Each structure stands twice: as C-alpha cells, then as structure tokens.
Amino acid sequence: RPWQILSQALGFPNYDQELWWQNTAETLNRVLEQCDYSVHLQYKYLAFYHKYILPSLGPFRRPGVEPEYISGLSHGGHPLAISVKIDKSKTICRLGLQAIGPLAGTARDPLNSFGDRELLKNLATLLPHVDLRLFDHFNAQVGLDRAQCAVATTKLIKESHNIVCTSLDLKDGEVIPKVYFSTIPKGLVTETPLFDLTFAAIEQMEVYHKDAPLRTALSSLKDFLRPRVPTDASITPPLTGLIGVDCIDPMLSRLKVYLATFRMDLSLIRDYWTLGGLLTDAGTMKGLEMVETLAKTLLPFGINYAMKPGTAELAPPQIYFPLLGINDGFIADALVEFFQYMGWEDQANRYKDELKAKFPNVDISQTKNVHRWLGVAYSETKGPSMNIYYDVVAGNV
C-alpha cells in the first residue's frame, strides 16, 4: 500500500513523473519490505522518492518519445538503478541516478552539468548531515564549460555524455548521498592522461593537505596504478575513469578511485585484490577466496579502491562484475550457491523468490537485463558484503 497511498495522496505534476512511479515505486516498496524496513521508513523513503527523485529523473523514455538525454545507468536509457547491499544478517536499499536537467542533451547543457548539484542543494536544506564541499571540489576539478562540453559530446557515445552521477543510501533512518565524477570528458578535451587529472584533482583536496596518512595511502595506490594504466591521453583499459566521494564532512568521507577494465581473469583478480603482492595478510587472502569462488560460480569490470582519512594503509578494493547480457535466472541460482558457500543460508533460501517478487512483470528465466552489476567486498570489522545493482525499469515492462 504505501506506494499506492502516496500515489493517491500526492498525484503527479506531469505524466513522465507518473510513468516513473508506475515503473519503479512498486518495486522500490517491495525491496524495502523484503529488507524489513518499517512502515514509517517505507513511507519516509517513498515520500522522499516522490518529491525529490521523481522530478530529477527527467522524461521517461518509451516508444514514441525519445529524450534529448540518454543515460548509461540502464539498458533502456533510464537514469535509474536500484541496488541492495547484502550482509550476513541484513540488507540495505540504495538508489542510483543522474539528476536530469531540463536542458540536458541540448546546446545549453550538453553533459547534464547542473542537475545533480541542484538535487543535492535541495537535499542540503532537507537533511542536516549533507555536505557539498567535496562535490564542489571535484566539480571544480573535472567540470567543463559549455564549449568544452560540446566538444566532449562529439567524441563520446550518447550513453556517456556525463560528468557526474549520484547515489543515495537508505541507511538506518537516513538518506546518505554519494557522488561519482567522471574524468573521461576532461581527459578527452584537455588531452591529459586520466591518471594525471585523477590524482591532480585528488592532491588539491583540502583533506589531502592536512592528512598525512591519506597522502601516504594515495602514494601506495599511485605507485601501483602508474604502471598498470596509460601514461598518455588514450582511453585504454585499465583506466582511472571515476572518482567517488561521500557527501559528508570531508575528514569523515571515503575517497574512491575506480578502475574500468574489460580484461579480467584469475591472475588479474589477484593482482587487483592484493595490489601486486602488497597485501598478503590472512584477511586479504580470505577475501581473495571469496572473489575467485564467485568468479568461478559465473560493460567493463570495475575495481574500486576506497580510502578514508586518518589511515595510511590501503585495503583490498571492491570488485564489480558486469551481468548485462547474462540470463537472470542463471544468476539467481549462482548467487544462491555463493550465498550457501558463504554460510548465508537465509539469504540463499529467499533470494530467488524475493527476486521474482521485486519484478513480477517479468520472467527472470527469460531476461538478461535485470541484474546489471554485482560487486563484492571484504572488510576487517564488518566482514563480507555483496552489492547487487538492478535495472528497475527493465524489470518493470
């Protein structure tokens, strides 16, 4: 009901917003039920979704209507994904989007440079613990003027006309925002190595100057990345495509460096997970078993090197496997095997039924688009985790 009561109570300012609801709210409400969120938080997150996210989602692509802006975040072209973060004992719901501006994909705003900032400006008046300083920093570092954006669109596919995209964790009672920034556009227009802009942009952060542990960690990473990535201006995998940050106090925020690569295998998994033998402790290795097992039980691959200040030691990345094009029925079973392997019996026994329940307009045995990415993680304190990124819209036709 909560999605229905809110539709009933709030209606819709235009038809596209209505279409968004009708293809994402039921699933979202479902996901929240399945994660054992309370009714009050179901309303909280859905009300929020309605007010702030619907308008940010732009037009709804569909037969007959072709937006000027087209997103990479999904197969149909829609700037939305819902993911979950699965733990031993709990599941968290997360939203991913690009906030579409009303002139995006036109001369006036080729790369959708404004809307994500506008969304967050609103979340800053809404939420008390939201912080725009890291955003503003990287936006300054990797943003482009109109003429530059225009150039960038002549050398990029329609799907990748973008500098920034946004995430929202529905964590505890809260909305935690995260933004990821693309270096590729600037790299292309300035003809600058991606490595160079990535670390130039990072080295100029306020946090960086005042936190020697971080500064150290970065060096470890630079030294490991330098040989593995291009030292010229090519877009040759593996590359430093994305920079990610949490929209909170800079000192407390994780700084994420992401690699994009098409070639993945056992040696490379190892190379990435351990940073070229740099990591060899028990945990690093227990986590390495995880990931190899997952790969055996089975768009670029993605390696995410996350870094928190007041900490000089790097840690294993999170590794992200593309699933686009692979049957969702098989994946459902795969993930169940792997959940059993991890000793997550509850998660194994419910995954597939619940998956069906998230996306009832579809038969997963015949779809290859709904599971889009999956990432895996190992932590010392928190231990293991899996993030699964779904294409809500694909799962709602």
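Don't overthink the numbering: it's just position in the shown sequence, from 1.
Unmodelled residues of the deposited sequence between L298 and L299: 10 or more. When the two stretches 358-366 and 37-45 are set side by side, the higher mean Cα temperature factor goes to 358-366. Legend: mean Cα B-factor per stretch from the PDB entry, 115-123 versus 241-249; the higher mean is in 241-249.
When the C-alpha B-factors of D109, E289, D169, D145 are ranked from the entry, the top spot goes to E289.
Take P63, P55, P67, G343 and read off each C-alpha B-factor from the entry; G343 has the highest. Among the modelled residues of the chain, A201 sits in the middle third by CA temperature factor in this PDB entry. Ranked within its chain, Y389 lands in the lowest third, by CA B factor from the PDB record. Per-chain ranking of the deposited C-alpha B factor places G105 in the lowest third. Looking at the C-alpha B-factors along this chain, the one for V31 belongs to the lowest third.
Ranked within its chain, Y208 lands in the highest third, by CA B factor from the PDB record.
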